[PDB]
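Data block for final-v4.cif (mmCIF, N, CA and C atoms):
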```
data_work
#
loop_
_atom_site.label_atom_id
_atom_site.label_comp_id
_atom_site.auth_asym_id
_atom_site.auth_seq_id
_atom_site.Cartn_x
_atom_site.Cartn_y
_atom_site.Cartn_z
N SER A 522 -81.18 -167.96 210.61
CA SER A 522 -80.89 -167.37 211.90
C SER A 522 -80.98 -168.50 212.92
N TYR A 523 -80.10 -168.48 213.92
CA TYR A 523 -79.96 -169.60 214.83
C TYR A 523 -80.61 -169.29 216.17
N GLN A 524 -81.25 -170.30 216.75
CA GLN A 524 -81.78 -170.20 218.10
C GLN A 524 -80.75 -169.63 219.06
N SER A 525 -81.16 -168.63 219.83
CA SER A 525 -80.33 -168.12 220.90
C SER A 525 -80.29 -169.11 222.06
N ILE A 526 -79.33 -168.90 222.96
CA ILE A 526 -79.23 -169.68 224.19
C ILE A 526 -80.22 -169.14 225.22
N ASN A 527 -81.50 -169.43 225.03
CA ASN A 527 -82.52 -169.14 226.04
C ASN A 527 -82.46 -170.21 227.13
N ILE A 528 -81.84 -169.88 228.26
CA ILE A 528 -81.69 -170.85 229.35
C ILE A 528 -81.87 -170.16 230.70
N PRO A 529 -82.46 -170.84 231.69
CA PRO A 529 -82.31 -170.40 233.08
C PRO A 529 -80.88 -170.57 233.56
N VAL A 530 -80.34 -169.54 234.21
CA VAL A 530 -79.11 -169.69 234.98
C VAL A 530 -79.42 -170.46 236.26
N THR A 531 -79.34 -171.79 236.17
CA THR A 531 -79.70 -172.66 237.28
C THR A 531 -78.76 -172.48 238.47
N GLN A 532 -79.26 -172.90 239.64
CA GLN A 532 -78.61 -172.60 240.92
C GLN A 532 -77.20 -173.17 241.00
N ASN A 533 -76.91 -174.27 240.31
CA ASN A 533 -75.55 -174.78 240.26
C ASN A 533 -74.56 -173.86 239.54
N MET A 534 -75.04 -172.83 238.84
CA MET A 534 -74.16 -171.87 238.19
C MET A 534 -73.74 -170.71 239.07
N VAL A 535 -74.26 -170.59 240.29
CA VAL A 535 -74.16 -169.32 241.02
C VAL A 535 -72.70 -168.95 241.28
N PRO A 536 -71.76 -169.88 241.43
CA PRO A 536 -70.36 -169.47 241.27
C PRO A 536 -70.10 -169.16 239.80
N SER A 537 -69.41 -168.06 239.56
CA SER A 537 -69.16 -167.57 238.21
C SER A 537 -68.72 -168.69 237.27
N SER A 538 -69.41 -168.79 236.13
CA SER A 538 -69.46 -169.97 235.29
C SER A 538 -69.00 -169.59 233.88
N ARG A 539 -69.05 -170.56 232.97
CA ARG A 539 -68.44 -170.38 231.66
C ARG A 539 -69.27 -171.11 230.61
N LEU A 540 -69.22 -170.59 229.38
CA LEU A 540 -69.99 -171.12 228.26
C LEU A 540 -69.06 -171.34 227.08
N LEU A 541 -69.23 -172.46 226.38
CA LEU A 541 -68.51 -172.72 225.14
C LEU A 541 -69.48 -173.24 224.09
N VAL A 542 -69.31 -172.77 222.86
CA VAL A 542 -70.17 -173.13 221.74
C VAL A 542 -69.30 -173.63 220.60
N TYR A 543 -69.82 -174.60 219.84
CA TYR A 543 -69.05 -175.16 218.74
C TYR A 543 -69.97 -175.77 217.70
N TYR A 544 -69.41 -175.95 216.50
CA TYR A 544 -69.97 -176.79 215.45
C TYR A 544 -68.82 -177.39 214.67
N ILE A 545 -69.07 -178.53 214.02
CA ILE A 545 -68.23 -179.00 212.92
C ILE A 545 -68.93 -178.77 211.59
N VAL A 546 -68.22 -178.14 210.66
CA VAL A 546 -68.65 -177.99 209.28
C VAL A 546 -67.74 -178.86 208.42
N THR A 547 -68.33 -179.64 207.52
CA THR A 547 -67.58 -180.60 206.73
C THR A 547 -66.79 -179.97 205.58
N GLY A 548 -66.97 -178.68 205.34
CA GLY A 548 -66.27 -177.97 204.29
C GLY A 548 -66.57 -178.56 202.92
N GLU A 549 -65.68 -178.27 201.96
CA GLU A 549 -65.78 -178.89 200.65
C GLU A 549 -65.64 -180.40 200.74
N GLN A 550 -64.53 -180.86 201.31
CA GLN A 550 -64.38 -182.24 201.73
C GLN A 550 -63.72 -182.38 203.08
N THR A 551 -63.11 -181.32 203.60
CA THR A 551 -62.35 -181.35 204.85
C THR A 551 -63.18 -180.74 205.96
N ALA A 552 -63.27 -181.44 207.09
CA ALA A 552 -63.98 -180.93 208.25
C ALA A 552 -63.11 -179.97 209.05
N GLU A 553 -63.76 -178.98 209.66
CA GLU A 553 -63.14 -178.15 210.68
C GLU A 553 -64.06 -178.05 211.88
N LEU A 554 -63.51 -178.25 213.07
CA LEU A 554 -64.17 -177.89 214.31
C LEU A 554 -64.07 -176.39 214.55
N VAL A 555 -65.21 -175.72 214.67
CA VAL A 555 -65.28 -174.30 214.98
C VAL A 555 -65.92 -174.13 216.34
N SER A 556 -65.35 -173.27 217.18
CA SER A 556 -65.84 -173.12 218.54
C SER A 556 -65.46 -171.76 219.11
N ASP A 557 -66.22 -171.33 220.11
CA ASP A 557 -65.93 -170.13 220.88
C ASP A 557 -66.43 -170.32 222.31
N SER A 558 -65.93 -169.49 223.22
CA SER A 558 -66.29 -169.58 224.63
C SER A 558 -66.36 -168.19 225.25
N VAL A 559 -67.05 -168.10 226.39
CA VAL A 559 -67.24 -166.84 227.10
C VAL A 559 -67.35 -167.11 228.60
N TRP A 560 -66.93 -166.12 229.39
CA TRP A 560 -67.09 -166.08 230.84
C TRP A 560 -68.44 -165.50 231.26
N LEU A 561 -69.06 -166.09 232.29
CA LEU A 561 -70.37 -165.66 232.78
C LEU A 561 -70.37 -165.59 234.31
N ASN A 562 -70.35 -164.37 234.86
CA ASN A 562 -70.47 -164.16 236.30
C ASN A 562 -71.92 -164.26 236.75
N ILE A 563 -72.17 -165.02 237.83
CA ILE A 563 -73.54 -165.39 238.20
C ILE A 563 -73.94 -164.93 239.61
N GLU A 564 -73.31 -163.86 240.10
CA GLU A 564 -73.81 -163.01 241.19
C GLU A 564 -73.87 -163.67 242.57
N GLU A 565 -73.28 -164.85 242.78
CA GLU A 565 -72.90 -165.32 244.11
C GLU A 565 -74.08 -165.57 245.06
N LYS A 566 -75.31 -165.69 244.57
CA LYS A 566 -76.43 -165.99 245.46
C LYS A 566 -76.39 -167.45 245.91
N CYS A 567 -76.41 -167.66 247.23
CA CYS A 567 -76.46 -169.01 247.78
C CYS A 567 -77.72 -169.75 247.33
N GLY A 568 -77.71 -171.06 247.56
CA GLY A 568 -78.90 -171.87 247.41
C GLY A 568 -79.80 -171.84 248.62
N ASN A 569 -79.21 -172.05 249.81
CA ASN A 569 -79.96 -171.94 251.06
C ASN A 569 -80.38 -170.52 251.37
N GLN A 570 -79.51 -169.54 251.14
CA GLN A 570 -79.83 -168.14 251.44
C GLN A 570 -80.28 -168.00 252.89
N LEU A 571 -79.64 -168.76 253.78
CA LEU A 571 -80.03 -168.84 255.18
C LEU A 571 -80.02 -167.46 255.83
N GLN A 572 -81.20 -166.99 256.24
CA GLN A 572 -81.38 -165.69 256.87
C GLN A 572 -81.58 -165.86 258.38
N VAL A 573 -80.70 -165.24 259.16
CA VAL A 573 -80.67 -165.38 260.61
C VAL A 573 -80.66 -163.99 261.22
N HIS A 574 -81.55 -163.75 262.18
CA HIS A 574 -81.75 -162.41 262.73
C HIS A 574 -82.19 -162.50 264.19
N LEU A 575 -81.68 -161.58 265.00
CA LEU A 575 -82.17 -161.35 266.36
C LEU A 575 -83.57 -160.75 266.32
N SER A 576 -84.58 -161.61 266.50
CA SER A 576 -85.97 -161.17 266.58
C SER A 576 -86.24 -160.02 267.55
N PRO A 577 -85.72 -160.01 268.81
CA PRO A 577 -85.88 -158.78 269.62
C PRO A 577 -84.93 -157.66 269.21
N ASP A 578 -85.07 -157.21 267.97
CA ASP A 578 -84.19 -156.19 267.41
C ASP A 578 -84.01 -155.02 268.36
N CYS B 46 -79.83 -191.46 153.03
CA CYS B 46 -81.01 -190.94 153.72
C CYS B 46 -80.73 -189.58 154.35
N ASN B 47 -81.80 -188.80 154.51
CA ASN B 47 -81.71 -187.54 155.23
C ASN B 47 -81.14 -187.74 156.63
N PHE B 48 -80.37 -186.75 157.08
CA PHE B 48 -79.70 -186.81 158.38
C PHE B 48 -80.68 -186.45 159.49
N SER B 49 -81.70 -187.28 159.64
CA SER B 49 -82.80 -186.98 160.54
C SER B 49 -83.28 -188.26 161.21
N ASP B 50 -82.33 -189.12 161.60
CA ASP B 50 -82.64 -190.25 162.45
C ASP B 50 -83.02 -189.82 163.86
N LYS B 51 -82.88 -188.54 164.18
CA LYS B 51 -83.32 -187.96 165.44
C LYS B 51 -84.33 -186.86 165.14
N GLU B 52 -85.31 -186.71 166.03
CA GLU B 52 -86.20 -185.56 166.01
C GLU B 52 -86.50 -185.11 167.43
N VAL B 53 -86.79 -183.82 167.56
CA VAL B 53 -86.86 -183.16 168.86
C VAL B 53 -88.07 -182.23 168.85
N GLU B 54 -88.73 -182.11 170.00
CA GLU B 54 -89.84 -181.19 170.16
C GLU B 54 -89.71 -180.47 171.50
N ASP B 55 -90.28 -179.27 171.56
CA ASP B 55 -90.40 -178.54 172.81
C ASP B 55 -91.70 -178.91 173.52
N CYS B 56 -91.79 -178.56 174.80
CA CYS B 56 -92.91 -178.95 175.64
C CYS B 56 -93.34 -177.81 176.54
N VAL B 57 -94.58 -177.91 177.01
CA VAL B 57 -94.98 -177.29 178.26
C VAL B 57 -94.33 -178.03 179.42
N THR B 58 -94.04 -177.30 180.49
CA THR B 58 -93.45 -177.88 181.70
C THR B 58 -94.53 -178.58 182.53
N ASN B 59 -94.96 -179.73 182.02
CA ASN B 59 -96.00 -180.51 182.68
C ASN B 59 -95.66 -180.79 184.14
N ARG B 60 -94.37 -180.92 184.45
CA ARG B 60 -93.92 -181.05 185.83
C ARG B 60 -92.55 -180.40 185.94
N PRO B 61 -92.21 -179.80 187.11
CA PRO B 61 -90.79 -179.53 187.41
C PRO B 61 -89.89 -180.75 187.49
N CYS B 62 -88.59 -180.50 187.69
CA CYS B 62 -87.61 -181.54 187.98
C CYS B 62 -86.60 -181.00 188.98
N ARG B 63 -85.73 -181.90 189.46
CA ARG B 63 -84.58 -181.49 190.27
C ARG B 63 -83.72 -180.41 189.63
N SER B 64 -83.43 -179.39 190.42
CA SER B 64 -82.35 -178.45 190.13
C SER B 64 -81.04 -179.18 189.86
N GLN B 65 -80.20 -178.54 189.05
CA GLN B 65 -78.81 -178.95 188.87
C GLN B 65 -78.05 -179.09 190.19
N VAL B 66 -77.22 -180.14 190.25
CA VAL B 66 -76.57 -180.60 191.47
C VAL B 66 -75.85 -179.45 192.16
N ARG B 67 -76.02 -179.36 193.48
CA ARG B 67 -75.35 -178.32 194.26
C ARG B 67 -73.84 -178.36 194.12
N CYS B 68 -73.25 -177.18 193.93
CA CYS B 68 -71.81 -176.97 193.96
C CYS B 68 -71.45 -176.38 195.32
N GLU B 69 -70.71 -177.13 196.12
CA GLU B 69 -70.20 -176.58 197.37
C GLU B 69 -69.01 -175.65 197.15
N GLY B 70 -68.27 -175.82 196.06
CA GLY B 70 -67.13 -174.98 195.76
C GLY B 70 -67.52 -173.64 195.16
N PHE B 71 -66.51 -172.97 194.59
CA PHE B 71 -66.77 -171.84 193.72
C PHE B 71 -67.32 -172.29 192.37
N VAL B 72 -68.19 -171.46 191.81
CA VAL B 72 -68.77 -171.68 190.49
C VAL B 72 -68.10 -170.76 189.48
N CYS B 73 -67.31 -171.33 188.58
CA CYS B 73 -66.81 -170.63 187.40
C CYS B 73 -67.94 -170.04 186.55
N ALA B 74 -67.97 -168.71 186.46
CA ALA B 74 -69.10 -167.97 185.91
C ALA B 74 -69.57 -168.53 184.57
N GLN B 75 -68.70 -168.51 183.56
CA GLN B 75 -69.10 -168.97 182.23
C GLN B 75 -69.33 -170.48 182.23
N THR B 76 -68.35 -171.24 182.71
CA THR B 76 -68.38 -172.69 182.58
C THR B 76 -69.34 -173.31 183.59
N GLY B 77 -69.47 -172.69 184.76
CA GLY B 77 -70.03 -173.32 185.93
C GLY B 77 -69.28 -174.52 186.45
N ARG B 78 -68.01 -174.67 186.10
CA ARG B 78 -67.17 -175.67 186.75
C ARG B 78 -67.14 -175.38 188.25
N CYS B 79 -67.64 -176.32 189.04
CA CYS B 79 -67.42 -176.32 190.48
C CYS B 79 -65.96 -176.60 190.80
N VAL B 80 -65.27 -175.61 191.37
CA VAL B 80 -63.85 -175.70 191.68
C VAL B 80 -63.63 -175.32 193.14
N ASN B 81 -62.61 -175.92 193.74
CA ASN B 81 -62.30 -175.69 195.15
C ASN B 81 -61.74 -174.29 195.38
N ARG B 82 -62.15 -173.68 196.50
CA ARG B 82 -61.72 -172.33 196.84
C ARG B 82 -60.21 -172.21 197.02
N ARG B 83 -59.49 -173.31 197.23
CA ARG B 83 -58.04 -173.23 197.23
C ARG B 83 -57.50 -172.96 195.84
N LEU B 84 -58.30 -173.24 194.82
CA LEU B 84 -58.01 -172.99 193.41
C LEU B 84 -58.63 -171.68 192.96
N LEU B 85 -58.32 -170.62 193.70
CA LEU B 85 -58.62 -169.25 193.31
C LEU B 85 -57.38 -168.43 193.59
N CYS B 86 -57.08 -167.49 192.69
CA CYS B 86 -55.87 -166.68 192.82
C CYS B 86 -54.63 -167.57 192.78
N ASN B 87 -54.83 -168.77 192.24
CA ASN B 87 -53.87 -169.87 192.20
C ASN B 87 -52.71 -169.58 191.25
N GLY B 88 -52.91 -168.70 190.27
CA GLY B 88 -52.02 -168.53 189.14
C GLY B 88 -52.23 -169.49 188.00
N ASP B 89 -53.35 -170.22 188.00
CA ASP B 89 -53.67 -171.20 186.98
C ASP B 89 -55.13 -170.97 186.62
N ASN B 90 -55.49 -171.26 185.38
CA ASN B 90 -56.89 -171.30 184.99
C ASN B 90 -57.41 -172.71 185.24
N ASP B 91 -58.31 -172.85 186.21
CA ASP B 91 -58.95 -174.11 186.54
C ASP B 91 -60.38 -174.20 186.02
N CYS B 92 -60.91 -173.10 185.49
CA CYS B 92 -62.26 -173.00 184.95
C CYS B 92 -62.35 -173.34 183.47
N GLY B 93 -61.29 -173.16 182.69
CA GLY B 93 -61.43 -172.97 181.26
C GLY B 93 -61.93 -171.58 180.94
N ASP B 94 -61.69 -170.65 181.86
CA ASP B 94 -62.30 -169.35 182.01
C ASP B 94 -61.52 -168.68 183.13
#
```

Go ahead and render the structure in this file as structure tokens.
Amino acid sequence: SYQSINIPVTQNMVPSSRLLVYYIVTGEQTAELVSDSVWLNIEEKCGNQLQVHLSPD
Amino acid sequence: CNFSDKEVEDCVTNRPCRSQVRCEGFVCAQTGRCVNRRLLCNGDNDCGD
């Protein structure tokens, strides 16, 4: 069983991002590159998250 | 002379040894010929079996 992708979605990912996975298997004698990819939406949260408000509400 | 220039005895397995070499291909059941998977359903006997 293979390690899952346990990762933080770091702040540089907050624009919707993408993942690709691959391995090469050497086969009997012939190698093949095997790979797959997926789309990952990361919810658009800013880094600064600058909050501005009229204090005398 | 008697045809006994060789003699053979059985043993206790005082130690293990290496397993038979890994076959990455298909293993022909009877023969155990390691054969390539492209040589299946080929229309030819590649096993001797």

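Take atom N of residue 543 (chain A) and atom C of residue 525 (chain A): the distance between them is 12.0 Å.
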
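Picture a line from CA of residue 526 (chain A) to atom C of residue 568 (chain A); it runs 24.5 Å.
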
Distance-based interface of chain B with chain A, 12 Å, counting only C-alpha atoms, as number ranges by chain: B: 67-71, 79-83

So the first atom is atom C of residue 535 (chain A) and the second is atom N of residue 555 (chain A); what is the distance between them in Å, to one decimal place? 28.5 Å

What are the DSSP strand (DSSP E or B) residues of chain A, as a PDB file with N, CA and C atoms, in the frame of the given file?
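Final output, saved to states-v5.pdb:
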```pdb
ATOM      1  N   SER A 538     -69.410-168.790 236.130  1.00  0.00           N
ATOM      2  CA  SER A 538     -69.460-169.970 235.290  1.00  0.00           C
ATOM      3  C   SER A 538     -69.000-169.590 233.880  1.00  0.00           C
ATOM      4  N   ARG A 539     -69.050-170.560 232.970  1.00  0.00           N
ATOM      5  CA  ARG A 539     -68.440-170.380 231.660  1.00  0.00           C
ATOM      6  C   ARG A 539     -69.270-171.110 230.610  1.00  0.00           C
ATOM      7  N   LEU A 540     -69.220-170.590 229.380  1.00  0.00           N
ATOM      8  CA  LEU A 540     -69.990-171.120 228.260  1.00  0.00           C
ATOM      9  C   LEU A 540     -69.060-171.340 227.080  1.00  0.00           C
ATOM     10  N   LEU A 541     -69.230-172.460 226.380  1.00  0.00           N
ATOM     11  CA  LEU A 541     -68.510-172.720 225.140  1.00  0.00           C
ATOM     12  C   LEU A 541     -69.480-173.240 224.090  1.00  0.00           C
ATOM     13  N   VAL A 542     -69.310-172.770 222.860  1.00  0.00           N
ATOM     14  CA  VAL A 542     -70.170-173.130 221.740  1.00  0.00           C
ATOM     15  C   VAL A 542     -69.300-173.630 220.600  1.00  0.00           C
ATOM     16  N   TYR A 543     -69.820-174.600 219.840  1.00  0.00           N
ATOM     17  CA  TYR A 543     -69.050-175.160 218.740  1.00  0.00           C
ATOM     18  C   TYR A 543     -69.970-175.770 217.700  1.00  0.00           C
ATOM     19  N   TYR A 544     -69.410-175.950 216.500  1.00  0.00           N
ATOM     20  CA  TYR A 544     -69.970-176.790 215.450  1.00  0.00           C
ATOM     21  C   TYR A 544     -68.820-177.390 214.670  1.00  0.00           C
ATOM     22  N   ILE A 545     -69.070-178.530 214.020  1.00  0.00           N
ATOM     23  CA  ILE A 545     -68.230-179.000 212.920  1.00  0.00           C
ATOM     24  C   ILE A 545     -68.930-178.770 211.590  1.00  0.00           C
ATOM     25  N   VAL A 546     -68.220-178.140 210.660  1.00  0.00           N
ATOM     26  CA  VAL A 546     -68.650-177.990 209.280  1.00  0.00           C
ATOM     27  C   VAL A 546     -67.740-178.860 208.420  1.00  0.00           C
ATOM     28  N   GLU A 553     -63.760-178.980 209.660  1.00  0.00           N
ATOM     29  CA  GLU A 553     -63.140-178.150 210.680  1.00  0.00           C
ATOM     30  C   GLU A 553     -64.060-178.050 211.880  1.00  0.00           C
ATOM     31  N   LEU A 554     -63.510-178.250 213.070  1.00  0.00           N
ATOM     32  CA  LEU A 554     -64.170-177.890 214.310  1.00  0.00           C
ATOM     33  C   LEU A 554     -64.070-176.390 214.550  1.00  0.00           C
ATOM     34  N   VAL A 555     -65.210-175.720 214.670  1.00  0.00           N
ATOM     35  CA  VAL A 555     -65.280-174.300 214.980  1.00  0.00           C
ATOM     36  C   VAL A 555     -65.920-174.130 216.340  1.00  0.00           C
ATOM     37  N   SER A 556     -65.350-173.270 217.180  1.00  0.00           N
ATOM     38  CA  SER A 556     -65.840-173.120 218.540  1.00  0.00           C
ATOM     39  C   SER A 556     -65.460-171.760 219.110  1.00  0.00           C
ATOM     40  N   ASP A 557     -66.220-171.330 220.110  1.00  0.00           N
ATOM     41  CA  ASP A 557     -65.930-170.130 220.880  1.00  0.00           C
ATOM     42  C   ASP A 557     -66.430-170.320 222.310  1.00  0.00           C
ATOM     43  N   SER A 558     -65.930-169.490 223.220  1.00  0.00           N
ATOM     44  CA  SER A 558     -66.290-169.580 224.630  1.00  0.00           C
ATOM     45  C   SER A 558     -66.360-168.190 225.250  1.00  0.00           C
ATOM     46  N   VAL A 559     -67.050-168.100 226.390  1.00  0.00           N
ATOM     47  CA  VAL A 559     -67.240-166.840 227.100  1.00  0.00           C
ATOM     48  C   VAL A 559     -67.350-167.110 228.600  1.00  0.00           C
ATOM     49  N   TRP A 560     -66.930-166.120 229.390  1.00  0.00           N
ATOM     50  CA  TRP A 560     -67.090-166.080 230.840  1.00  0.00           C
ATOM     51  C   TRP A 560     -68.440-165.500 231.260  1.00  0.00           C
ATOM     52  N   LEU A 561     -69.060-166.090 232.290  1.00  0.00           N
ATOM     53  CA  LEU A 561     -70.370-165.660 232.780  1.00  0.00           C
ATOM     54  C   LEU A 561     -70.370-165.590 234.310  1.00  0.00           C
TER      55      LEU A 561
END
```

Size and centre in Å, one decimal, axis-aligned box, all listed region 84-87 of chain B atoms plus 8 Å per side, as AutoDock Vina command-line options:
```
--center_x -55.7 --center_y -170.0 --center_z 193.0 --size_x 21.9 --size_y 22.6 --size_z 19.6
```

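Closest to residue 565 (chain A) among A:537, A:547, A:524, A:532 is A:537, based on only N, CA and C atoms.
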
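For the structure in this document, the set picked by the PyMOL selection byres ((chain A and resi 536) around 8) is residues 532, 533, 534, 535, 537, 538, 539, 561, 562, 563, 564, 565, 566 and 567 of chain A.
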
Expected file: the selected residues, N, CA and C atoms, as an mmCIF file, keeping the file's coordinate frame:
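Output file out-v8.cif is given in full below:
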```
data_model
loop_
_atom_site.group_PDB
_atom_site.id
_atom_site.type_symbol
_atom_site.label_atom_id
_atom_site.label_comp_id
_atom_site.auth_asym_id
_atom_site.auth_seq_id
_atom_site.Cartn_x
_atom_site.Cartn_y
_atom_site.Cartn_z
ATOM 1 N N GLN A 532 -79.260 -172.900 239.640
ATOM 2 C CA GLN A 532 -78.610 -172.600 240.920
ATOM 3 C C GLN A 532 -77.200 -173.170 241.000
ATOM 4 N N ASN A 533 -76.910 -174.270 240.310
ATOM 5 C CA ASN A 533 -75.550 -174.780 240.260
ATOM 6 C C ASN A 533 -74.560 -173.860 239.540
ATOM 7 N N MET A 534 -75.040 -172.830 238.840
ATOM 8 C CA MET A 534 -74.160 -171.870 238.190
ATOM 9 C C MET A 534 -73.740 -170.710 239.070
ATOM 10 N N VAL A 535 -74.260 -170.590 240.290
ATOM 11 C CA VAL A 535 -74.160 -169.320 241.020
ATOM 12 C C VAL A 535 -72.700 -168.950 241.280
ATOM 13 N N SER A 537 -69.410 -168.060 239.560
ATOM 14 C CA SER A 537 -69.160 -167.570 238.210
ATOM 15 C C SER A 537 -68.720 -168.690 237.270
ATOM 16 N N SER A 538 -69.410 -168.790 236.130
ATOM 17 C CA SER A 538 -69.460 -169.970 235.290
ATOM 18 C C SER A 538 -69.000 -169.590 233.880
ATOM 19 N N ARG A 539 -69.050 -170.560 232.970
ATOM 20 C CA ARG A 539 -68.440 -170.380 231.660
ATOM 21 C C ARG A 539 -69.270 -171.110 230.610
ATOM 22 N N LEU A 561 -69.060 -166.090 232.290
ATOM 23 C CA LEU A 561 -70.370 -165.660 232.780
ATOM 24 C C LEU A 561 -70.370 -165.590 234.310
ATOM 25 N N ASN A 562 -70.350 -164.370 234.860
ATOM 26 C CA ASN A 562 -70.470 -164.160 236.300
ATOM 27 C C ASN A 562 -71.920 -164.260 236.750
ATOM 28 N N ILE A 563 -72.170 -165.020 237.830
ATOM 29 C CA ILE A 563 -73.540 -165.390 238.200
ATOM 30 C C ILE A 563 -73.940 -164.930 239.610
ATOM 31 N N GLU A 564 -73.310 -163.860 240.100
ATOM 32 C CA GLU A 564 -73.810 -163.010 241.190
ATOM 33 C C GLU A 564 -73.870 -163.670 242.570
ATOM 34 N N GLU A 565 -73.280 -164.850 242.780
ATOM 35 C CA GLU A 565 -72.900 -165.320 244.110
ATOM 36 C C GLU A 565 -74.080 -165.570 245.060
ATOM 37 N N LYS A 566 -75.310 -165.690 244.570
ATOM 38 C CA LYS A 566 -76.430 -165.990 245.460
ATOM 39 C C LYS A 566 -76.390 -167.450 245.910
ATOM 40 N N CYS A 567 -76.410 -167.660 247.230
ATOM 41 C CA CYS A 567 -76.460 -169.010 247.780
ATOM 42 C C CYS A 567 -77.720 -169.750 247.330
#
```

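When all atoms listed in the file are used to measure the gap to residue 72 (chain B), the shortest distance among B:56, B:46, B:92, B:86 belongs to B:92.
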
Taking the file as shown, what set of residues would the PyMOL selection byres ((chain B and resi 91) around 8) give back, as a ChimeraX atom specification? /B:73,78-80,84-85,88-90,92-94

Because the input lacks atoms here, generate N, CA, C and O atoms for region 74-85 of chain B and report them as a PDB file, keeping the file's coordinate frame.
```
ATOM      1  N   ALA B  74     -67.970-168.710 186.460  1.00  0.00           N
ATOM      2  CA  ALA B  74     -69.100-167.970 185.910  1.00  0.00           C
ATOM      3  C   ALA B  74     -69.570-168.530 184.570  1.00  0.00           C
ATOM      4  O   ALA B  74     -70.708-168.991 184.441  1.00  0.00           O
ATOM      5  N   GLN B  75     -68.700-168.510 183.560  1.00  0.00           N
ATOM      6  CA  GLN B  75     -69.100-168.970 182.230  1.00  0.00           C
ATOM      7  C   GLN B  75     -69.330-170.480 182.230  1.00  0.00           C
ATOM      8  O   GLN B  75     -70.391-170.956 181.808  1.00  0.00           O
ATOM      9  N   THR B  76     -68.350-171.240 182.710  1.00  0.00           N
ATOM     10  CA  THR B  76     -68.380-172.690 182.580  1.00  0.00           C
ATOM     11  C   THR B  76     -69.340-173.310 183.590  1.00  0.00           C
ATOM     12  O   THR B  76     -69.953-174.346 183.307  1.00  0.00           O
ATOM     13  N   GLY B  77     -69.470-172.690 184.760  1.00  0.00           N
ATOM     14  CA  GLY B  77     -70.030-173.320 185.930  1.00  0.00           C
ATOM     15  C   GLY B  77     -69.280-174.520 186.450  1.00  0.00           C
ATOM     16  O   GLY B  77     -69.857-175.334 187.180  1.00  0.00           O
ATOM     17  N   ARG B  78     -68.010-174.670 186.100  1.00  0.00           N
ATOM     18  CA  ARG B  78     -67.170-175.670 186.750  1.00  0.00           C
ATOM     19  C   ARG B  78     -67.140-175.380 188.250  1.00  0.00           C
ATOM     20  O   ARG B  78     -66.688-174.312 188.672  1.00  0.00           O
ATOM     21  N   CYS B  79     -67.640-176.320 189.040  1.00  0.00           N
ATOM     22  CA  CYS B  79     -67.420-176.320 190.480  1.00  0.00           C
ATOM     23  C   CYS B  79     -65.960-176.600 190.800  1.00  0.00           C
ATOM     24  O   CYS B  79     -65.457-177.693 190.535  1.00  0.00           O
ATOM     25  N   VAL B  80     -65.270-175.610 191.370  1.00  0.00           N
ATOM     26  CA  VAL B  80     -63.850-175.700 191.680  1.00  0.00           C
ATOM     27  C   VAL B  80     -63.630-175.320 193.140  1.00  0.00           C
ATOM     28  O   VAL B  80     -64.364-174.509 193.713  1.00  0.00           O
ATOM     29  N   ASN B  81     -62.610-175.920 193.740  1.00  0.00           N
ATOM     30  CA  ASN B  81     -62.300-175.690 195.150  1.00  0.00           C
ATOM     31  C   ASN B  81     -61.740-174.290 195.380  1.00  0.00           C
ATOM     32  O   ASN B  81     -60.946-173.776 194.593  1.00  0.00           O
ATOM     33  N   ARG B  82     -62.150-173.680 196.500  1.00  0.00           N
ATOM     34  CA  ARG B  82     -61.720-172.330 196.840  1.00  0.00           C
ATOM     35  C   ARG B  82     -60.210-172.210 197.020  1.00  0.00           C
ATOM     36  O   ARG B  82     -59.687-171.091 196.957  1.00  0.00           O
ATOM     37  N   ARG B  83     -59.490-173.310 197.230  1.00  0.00           N
ATOM     38  CA  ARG B  83     -58.040-173.230 197.230  1.00  0.00           C
ATOM     39  C   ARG B  83     -57.500-172.960 195.840  1.00  0.00           C
ATOM     40  O   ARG B  83     -56.367-172.494 195.690  1.00  0.00           O
ATOM     41  N   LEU B  84     -58.300-173.240 194.820  1.00  0.00           N
ATOM     42  CA  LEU B  84     -58.010-172.990 193.410  1.00  0.00           C
ATOM     43  C   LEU B  84     -58.630-171.680 192.960  1.00  0.00           C
ATOM     44  O   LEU B  84     -59.375-171.606 191.986  1.00  0.00           O
ATOM     45  N   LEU B  85     -58.320-170.620 193.700  1.00  0.00           N
ATOM     46  CA  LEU B  85     -58.620-169.250 193.310  1.00  0.00           C
ATOM     47  C   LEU B  85     -57.380-168.430 193.590  1.00  0.00           C
ATOM     48  O   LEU B  85     -56.696-168.643 194.590  1.00  0.00           O
TER      49      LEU B  85
END
```
